[PDB]
């Protein structure tokens, strides 16, 4: 039961993460790249700084990682393997976190209410800043879910320990890369 509630959260919060990144790309990013609205010169053509590599992280989760977690739904005690299999892909969270302070500064100093205006228009509960912390949140959150699985999975639990090792290591490497 506990292992089942945890896997179900892993899956449900994964779906919502993908949804949230998707929203972010096809609103806050799409306004800027479209050319349908007045873009402050201070942020113009700096969408790579604002959003960092969030497209690539979205593509990972949307094309692969959510499809593969789904396949571990009835195999919670093995889901650590999923993170080992895709370990190199999570290296892009290092890149994302390195860039987040530069993204925050940029939005503060040079974007005015550009994005506030878009939020209001589209009727979004989440600010662009809310969306843009999500990758940071998500990448620290996986190791919580794995620890929870360790508290309720038996001697078939190297198929978690190694998953966890990886998902402890990605955020530490992101943490260790900041100025």
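Positions refer to the first chain, counted from 1.
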| property | result |
| --- | --- |
| Higher-B stretch (mean Cα B-factor, as the entry records it), 146-154 or 63-71 | 146-154 |
| Mean Cα B-factor comparison, 137-145 or 122-130, giving the higher one as deposited | 122-130 |
| Where the record places residue 51 (Cα B-factor, split into thirds across the chain) | middle |
| Residue 57 - which third its CA temperature factor falls in, relative to the rest of the chain | lowest |
| Chain-relative CA temperature factor third for residue 107 | highest |
| Residue 174 - Cα temperature factor, lowest/middle/highest third of chain | middle |
| Third of the chain, ranked by Cα B-factor, where residue 19 sits | middle |
